[PDB]
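**Q**
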Amino acid sequence: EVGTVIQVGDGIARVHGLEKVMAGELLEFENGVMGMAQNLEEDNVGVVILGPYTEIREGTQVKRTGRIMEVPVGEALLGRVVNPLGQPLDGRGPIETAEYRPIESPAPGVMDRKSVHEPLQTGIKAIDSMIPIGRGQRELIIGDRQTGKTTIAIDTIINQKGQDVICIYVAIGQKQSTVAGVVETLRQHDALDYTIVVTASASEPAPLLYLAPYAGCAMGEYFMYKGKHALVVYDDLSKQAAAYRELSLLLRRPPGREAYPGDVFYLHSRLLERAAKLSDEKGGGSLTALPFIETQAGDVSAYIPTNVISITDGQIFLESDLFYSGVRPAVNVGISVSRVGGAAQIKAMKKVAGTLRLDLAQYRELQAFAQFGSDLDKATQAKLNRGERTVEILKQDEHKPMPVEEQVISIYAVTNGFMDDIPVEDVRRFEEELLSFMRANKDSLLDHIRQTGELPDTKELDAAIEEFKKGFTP
Amino acid sequence: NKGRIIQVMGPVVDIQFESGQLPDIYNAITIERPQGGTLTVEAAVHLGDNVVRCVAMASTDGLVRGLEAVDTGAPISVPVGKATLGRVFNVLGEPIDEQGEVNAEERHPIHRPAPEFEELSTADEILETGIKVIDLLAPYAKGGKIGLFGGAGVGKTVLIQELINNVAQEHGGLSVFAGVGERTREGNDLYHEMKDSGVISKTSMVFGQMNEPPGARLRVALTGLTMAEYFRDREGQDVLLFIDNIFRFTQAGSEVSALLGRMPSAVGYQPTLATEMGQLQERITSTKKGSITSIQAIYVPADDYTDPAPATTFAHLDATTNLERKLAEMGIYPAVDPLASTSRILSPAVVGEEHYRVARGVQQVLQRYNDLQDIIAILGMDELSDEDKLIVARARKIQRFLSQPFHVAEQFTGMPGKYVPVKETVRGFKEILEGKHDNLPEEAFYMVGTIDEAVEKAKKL
Amino acid sequence: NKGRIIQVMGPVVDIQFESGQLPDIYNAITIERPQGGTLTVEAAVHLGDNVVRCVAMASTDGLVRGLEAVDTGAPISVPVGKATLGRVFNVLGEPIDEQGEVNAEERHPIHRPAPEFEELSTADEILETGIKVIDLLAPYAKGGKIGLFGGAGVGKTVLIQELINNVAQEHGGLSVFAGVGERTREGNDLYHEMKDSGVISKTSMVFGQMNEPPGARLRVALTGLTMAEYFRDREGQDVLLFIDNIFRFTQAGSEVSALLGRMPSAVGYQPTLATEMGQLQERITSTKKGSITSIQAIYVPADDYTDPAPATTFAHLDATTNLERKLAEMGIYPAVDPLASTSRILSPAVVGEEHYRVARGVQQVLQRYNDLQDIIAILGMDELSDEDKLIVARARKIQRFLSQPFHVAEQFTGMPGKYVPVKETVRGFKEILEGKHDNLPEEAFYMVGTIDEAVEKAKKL
Amino acid sequence: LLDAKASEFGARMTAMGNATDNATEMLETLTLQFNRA
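Protein chains in written order, with full-length UniProt numbering: chain F, 27 to 500; chain A, 2 to 462; chain G, 2 to 462; chain X, 230 to 266.
Okay, here's the thing in structure tokens:
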């Protein structure tokens with residue numbers, strides 16, 4: 027029950043006399059700070075202090091909790107900003123729940139699962155059309171600092187205002203201010219009602235950063251195993267990896283491959299193996315995960331990056347070049363992929379996109395002939411000129427998720443040449459105004475896609491478009 | 002026999018027994034209590050003072066010091082025989098497919114020595130697969146290890162299944178799949194992939210997978226291996242055994258080593274990398290009762306194949322099959338690179354002068370095809386020897402006659418399947434090389450079985 | 002309370018206290034004797050047996066085992082408020098400028114937690130500096146960290162001073178300069194640089210500098226930070242805080258860690274690189290009382306910015322200002338690279354659609370200017386679109402209208418200074434972009450304030 | 230009209246070689262900046 031600290035340092039403590047503590051048991055220090063029984067050394071416990079380590083000195087008493095590492099869990103958390111132990115940071119009271127979960131638990135076996143088939147609309151045109159994400163999927167979001175990774179999680183989260191899916195923004199080693207900003211953005215978009223924020227900022231103890239994703243994941247797991255659908259975003263599995271590495275040879279574990287531990291892969295694989303798509307037998311619940319890796323100088327071949335890559339089911343790459351060309355999202359559709367593919371993509375989009383993959387693939391090569399329109403009639407302004415047009419509908423303002431339906435019309439519009447007679451500085455508005463035209467008029471067509479969405483009634487579609495078309499304002 | 006837990010530090014548990022009652026190493030010691038299940042740890046090191054340190058096969062959360070532990074008196078032992086076919090297991094030989102318990106007659110230890118020198122077959126023999134490209138160009142040898150290099154989109158699992166099917170089919174050999182350290186979704190996918198390709202009936206599957214602790218990942222293959230060893234030793238057949246990401250296996254090696262506080266090499270790996278690999282690989286062999294041929298998927302994310310981990314594994318390989326995205330998006334659907342793929346048993350000694358000469362024949366043609374490829378690139382088809390121009394047509398036919406419809410693919414394409422005896426593959430490509438079918442249209446060799454089938458289809462378009 | 006020295010190994014001192022009388026970590030323990038001064042060490046680790054290991058803040062030569070030590074009961078605490086303005090200190094909050102003692106009302110500990118989640122401002126706001134180029138193109142955000150990349154000859158300190166001046170000027174915010182691990186000559190130079198630019202009156206300076214032990218280098222910033230935290234929390238203003246070579250700071254981190262016998266990372270650094278960085282950086286923030294915006298000089302000699310040290314620091318940056326030797330030797334004297342510099346708060350969300358579009362407008366023009374630059378290089382000005390040729394003239398004007406006279410430079414040039422509201426910067430460049438001043442001579446935008454001032458000068462030459 | 234043609238492309242490859250070259254050269258200038266800050 028009661029032990030006592032005999033050596034403390036760098037947030038790691040040798041506590042004595044916790045005879046019957048279990049490995050990984052939650053512990054509470056005299057001053058209310060929590061710790062976890064990390065190691066059961068022969069004649070003492072290695073406790074990892076999980077918060078303010080400063081007033082914990084030798085002689086400090088530690089109490090048993092009787093519980094293995096676990097966090098508050100359930101709808102009681104939606105809308106609350108929390109740290110990995112599940113204690114509230116937004117000052118909106120206590121979290122009134124009685125259901126908990128271990129931050130470490132088994133992943134669904136190979137028999138507990140069924141193939142990802144339900145779309146997780148991010149609202150982002152570039153991603154929902156190419157690089158489509160399904161529920162139960164692990165899609166890596168990787169890129170340099172300041173390429174707008176977080177903005178993508180936010181748009182995606184915001185886009186769940188639809189509401190089959192509950193969102194967990196887990197911020198690992200981010201600046202508190204940035205998270206505070208993220209929470210506020212979520213608030214202003216009415217998207218925080220269905221969102222849990224698990225946060226361990228840059229100044230927090232490393233073990234706290236280490237646990238963050240396992241907490242947020244446990245929170246998502248409550249819903250998946252309930253039959254519901256959760257989307258968890260781990261904002262910086264990079265920062266977790268480093269956090270983990272600190273904790274390692276503070277415990278003096280041998281340094282492994284690269285700067286990191288040997289089990290740094292396991293660290294991540296163990297985690298987002300827990301995101302799954304459950305068999306119908308197991309309830310059909312899902313947990314979708316958007317891990318972030320933060321690259322340096324766009325080095326995607328680095329250790330941690332390549333690891334997580336071989337763990338997830340595809341990755342969205344964020345080109346730094348693009349982002350400082352104002353192109354947004356700064357997605358590199360070329361090298362970016364969803365291994366799940368159109369399996370998680372409604373028939374309508376799965377269709378209009380199919381061509382589009384090819385479309386700007388061709389525009390990638392002829393891109394080189396930038397400001398030199400000379401080739402006349404061949405593989406010319408037929409490919410190139412209409413490629414410039416596609417790249418415009420891919421662009422997309424921050425915090426403006428677009429409903430699939432609208433995405434689909436918009437894409438179909440350009441992809442069927444309805445923009446070709448239209449300029450290029452004019453594509454963006456022609457889209458914004460094409461949709462606003464449908465939402466108020468051709469809703470028949472739109473709702474048709476919201477109901478078993480394959481779009482059809484084409485030609486009626488083309489007619490409906492042309493009755494807005496003709497430009498009349500290029 | 003019985004011990005009590007002295008220390009718990011991660012997957013490492015230190016257990017004190019009574020004097021002279023200490024477990025042989027690799028001995029499964031079970032630990033029970035305190036919330037539910039049963040944890041199995043594997044004896045690793047006799048530290049002294051009757052303490053023996055072990056590696057867990059499952060989480061050691063909740064373990065408490067003092068808990069009783071029981072030496073089972075044997076290494077982790079797993080079910081074998083008919084009972085395991087169609088069933089999926091974990092390292093412990095427990096069914097992870099909720100399908101009953103295994104009514105297996107026996108349970109063999111997963112740790113054991115490799116067949117002894119005199120039990121070894123002393124001549125190489127080609128393991129005849131269904132597939133033309135691997136049988137002609139990069140033959141599998143019985144008791145061989147093959148490196149399979151693929152990216153899923155290149156139809157690696159379709160290859161696995163055709164292999165399982167064709168070996169079951171035209172020999173009598175069953176298969177074991179050991180999933181080591183990869184994605185659990187990928188395992189589930191393959192499970193269903195081959196549960197409705199029907200192949201699952203000829204296979205027992207064992208799963209480690211990257212969510213599992215290192216002890217499990219490290220041993221998992223040994224389970225698969227043990228299972229396959231039954232059908233070789235009992236039953237005397239030519240069993241398969243696929244390990245998906247064998248690289249994950251050596252890397253599980255590294256984690257456990259670190260956990261045990263070993264060396265390690267200056268590149269992070271265990272001091273015992275090669276030893277451990279040899280201990281696994283050496284059991285995969287053609288004994289006199291003959292058998293096991295392992296197809297090992299080697300990925301390694303870093304893409305450096307000079308890395309110690311890949312280096313060691315390669316030491317054992319006897320052929321490599323290279324799944325090529327280029328050939329896949331080209332239509333050739335056993336998308337095996339004819340040039341990249343290789344087998345050490347492509348000697349005339351193993352496959353005879355003819356087969357050898359036909360294959361070295363096809364090789365040169367396809368190589369020449371590449372040279373000329375670069376020629377016309379930089380000299381146009383202008384100035385292209387009527388003969389050179391000629392042996393370009395034979396390359397395109399060869400390239401195509403190297404594809405073939407799979408039984409496993411039937412349920413989509415439906416051609417139906419084709420199994421092509423090397424006898425007939427060799428003959429097939431020999432005629433192409435001799436010029437006996439220049440006159441045929443080149444799309445006439447795409448997706449046929451024998452050369453006989455290609456004339457049949459030179460009667461369309 | 003009182004302890005006696007057990008061990009002295011470099012900057013590391015092990016001190017035994019009485020049972021239950023042990024210092025919280027980070028607690029200043031003073032040691033006196035035996036030749037003159039007073040050494041301050043900082044509690045680091047409780048080793049056990051009532052020993053606590055510490056890091057010195059000065060040399061530990063001459064220390065003798067047994068010397069009495071006194072736990073001060075608090076972290077190194079330093080003077081704050083009005084009293085520190087114009088004064089230069091060391092880590093201990095002692096005046097190193099021989100100018101009296103600081104008649105400060107309070108002394109705050111340099112160790113403390115970052116503002117709590119609910120005290121955080123939740124919306125980004127531009128910290129309006131005087132300077133046109135940083136405000137238009139790479140805005141500073143309140144509670145932001147900006148990486149300043151410069152080489153002194155590019156006028157980094159002139160920038161620092163204009164910043165200090167303009168923030169004092171047009172807001173009410175004071176500044177702290179923390180010299181960490183750099184050349185003491187450079188510190189002295191800056192001191193005089195701004196003692197007769199008058200700016201020193203709005204600043205408190207703290208010096209670590211490369212002659213000092215690592216413990217001093219490591220904590221020195223925390224002192225500056227603490228000082229700046231006063232004017233934010235008390236006094237509620239938008240304080241500056243410059244750290245010169247923050248990189249030296251993380252590197253002091255590495256030395257101390259080694260001295261304490263830690264990990265370390267496989268690249269040499271502390272196990273706690275990131276943690277320590279975060280512990281510093283996280284206190285630099287815009288609270289609800291609002292404030293601190295850190296301009297951090299990042300040098301790192303190696304020039305690899307993928308190095309863990311720079312990598313970590315970058316994680317915190319919100320904008321980078323890039324002093325360019327090329328622009329300096331070109332005349333543009335806030336020699337800030339318009340294209341290289343960036344800010345994460347350059348969203349339309351933070352600065353509005355217009356400002357954003359004008360800036361993305363100026364950017365594309367200047368980018369286009371470079372493309373065309375290479376065009377005429379390899380295609381001559383022959384075949385240069387009248388429009389292309391046109392948007393080259395607007396680039397040259399923009400490039401010039403991006404320079405501006407500094408108040409701090411007055412005493413040499415004397416223009417005099419110019420402070421240009423973003424409202425007016427945006428307007429300025431908007432007109433240039435719209436073509437409202439093509440007719441003006443291009444040397445008419447060089448060194449003016451507002452666009453209004455540029456027409457004034459289009460009446461010369 | 231026929232002579233005017235030759236000459237144009239006659240003039241066009243000449244400016245294109247020169248063009249190619251000029252790129253190479255200029256590139257080989259730019260590349261120093263790719264590495265040395």
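Ideal Cβ placement from N, Cα and C applies to all residues, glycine included.
Would you identify the three-state DSSP class for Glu391 of chain F, choosing helix, strand or coil?
**A** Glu391 of chain F falls in the helix class under three-state DSSP.
**Q** Since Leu48 of chain G meets chain F, which of its residues come closer than 8 Å, beta carbon to beta carbon?
**A** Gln33, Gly35
**Q** Can you tell me whether DSSP reads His47 of chain A as helix, strand or coil?
**A** The DSSP-derived three-state label of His47 of chain A is strand.
**Q** With distances taken from CA atoms, which of F:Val205, F:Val142, F:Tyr350, F:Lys409 is nearest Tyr389 of chain F?
**A** Checked all of F:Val205, F:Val142, F:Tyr350, F:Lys409; the closest Cα to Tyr389 of chain F is F:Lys409.
**Q** Rounded to the nearest angstrom, how far is the Cβ of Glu194 of chain G from that of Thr227 of chain G, given a contact under 8 Å?
**A** 24 Å between Cβ atoms; not a contact.
**Q** Please check if any C-beta of chain A sits within less than 8 Å of the C-beta of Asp385 of chain F.
**A** no
**Q** Which stretch, first to last residue, makes up the alpha helix (DSSP H) that contains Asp190 of chain A?
**A** 185-194
**Q** With DSSP as the reference, identify every bridge partner of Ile222 of chain F, one or two as the case may be.
**A** F:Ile194
**Q** Taking only beta-carbon positions, decide if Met242 of chain X is within less than 8 Å of chain G.
**A** Contact of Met242 of chain X with chain G is not assigned, every C-beta pair being separated by 8 Å or more.
**Q** In chain G, what lies closer than 9 Å to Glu56 of chain F by C-beta?
**A** Those do not exist, as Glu56 of chain F stays about 12 Å from chain G at its closest Cβ, beyond 9 Å.
**Q** In angstroms with no decimal places, state the Cα-to-Cα distance between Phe178 of chain A and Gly225 of chain A.
**A** C-alpha separation (whole angstroms): 7 Å.
**Q** Give a yes or no on whether the C-beta atoms belonging to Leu175 of chain A and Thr204 of chain A are separated by under 8 Å.
**A** yes
**Q** Applying the 10 Å Cβ sphere with the 16-neighbour rule, what's the burial state of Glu43 of chain A?
**A** Of the other Cβ atoms in all chains shown, 16 or more fall within 10 Å of the Cβ of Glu43 of chain A; this residue is therefore buried.
**Q** Please list, in chain order, all residues of the same chain as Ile433 of chain G whose beta carbon is under 7 Å from its beta carbon, the five residues on each side excluded.
**A** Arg395, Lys398, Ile399, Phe402
**Q** Considering only the alpha carbon of each residue, which of F:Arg454, F:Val209, F:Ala439, F:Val191 lies closest to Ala197 of chain F?
**A** F:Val209
**Q** Tell me which residues share the same chain as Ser295 of chain F and place their Cβ nearer than 7 Å to its Cβ, disregarding the 5 neighbours each side in the sequence.
**A** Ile337
**Q** Hey, which unbroken runs of the alpha helix (DSSP H) at 4 residues or more fall wholly within the segment 390-443 of chain A?
**A** 391-402, 423-435
**Q** Is there at least one non-hydrogen atom of the ligand ZN closer than 7 Å to the beta-carbon of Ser295 of chain A?
**A** Looking for the ligand ZN in the displayed structure turns up nothing, as the structure carries no ligands at all.
**Q** For a contact defined as C-beta to C-beta under 7 Å, what are the partners of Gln322 of chain F on chain G?
**A** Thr307, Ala312
**Q** Need the endpoints of the alpha helix (DSSP H) that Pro215 of chain A sits in, please.
**A** 215-234
**Q** For a contact defined as C-beta to C-beta under 9 Å, what are the partners of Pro339 of chain G on chain F?
**A** The contacting residues do not exist; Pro339 of chain G stays about 12 Å from chain F at best.
**Q** Helix, strand or coil: how does DSSP classify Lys203 of chain A here?
**A** helix
**Q** Exposed or buried, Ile448 of chain F, counting other C-beta atoms within 10 Å across all chains shown (16 or more means buried)?
**A** buried
**Q** For a test of the three-state rule: what should DSSP assign to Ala179 of chain A, helix, strand or coil?
**A** strand
**Q** In the DSSP output, which residue or residues are listed as bridge partners for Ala70 of chain A?
**A** Answer is A:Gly4, A:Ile32, bridged to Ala70 of chain A.
**Q** For the beta strand (DSSP E) that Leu138 of chain G lies in, which residues bound it at each end?
**A** Element bounds for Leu138 of chain G: not the beta strand (DSSP E) but the alpha helix (DSSP H), 133-138.
**Q** Pop quiz: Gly182 of chain G and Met211 of chain G are said to be a contact at Cβ under 8 Å. What is the actual Cβ separation, rounded to whole angstroms?
**A** 5 Å
**Q** If you draw a straight line from the alpha carbon of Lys460 of chain G to that of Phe118 of chain G, how long is it in whole angstroms?
**A** Looking at the two C-alpha atoms, the distance is approximately 55 Å.
**Q** So, does the segment 386-406 of chain F touch the segment 170-187 of chain F, judging by three or more C-beta pairs under 8 Å?
**A** no
**Q** In angstroms, rounded to a whole number, what distance separates the CA positions of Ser274 of chain F and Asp125 of chain A?
**A** 49 Å
**Q** Apply the 10 Å Cβ neighbour rule to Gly413 of chain F and answer buried if 16 or more other Cβ atoms are within range, or exposed otherwise.
**A** buried
**Q** Going along chain F in order, which residues have a C-beta closer than 7 Å to the C-beta of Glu119 of chain G?
**A** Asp116, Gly117
**Q** Helix, strand or coil for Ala455 of chain G per DSSP?
**A** Reduced to three states, the DSSP call for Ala455 of chain G is helix.
**Q** Note down the Cα distance separating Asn91 of chain A from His356 of chain A, rounded to an integer number of angstroms.
**A** Each residue's CA atom was taken as its position, placing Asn91 of chain A and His356 of chain A some 42 Å apart.
**Q** Does the beta carbon of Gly311 of chain F come closer than 8 Å to any beta carbon on chain A?
**A** no
**Q** Can you list the alpha helix (DSSP H) stretches of 4 or more residues lying completely in the segment 102-165 of chain F, in chain order?
**A** 151-155
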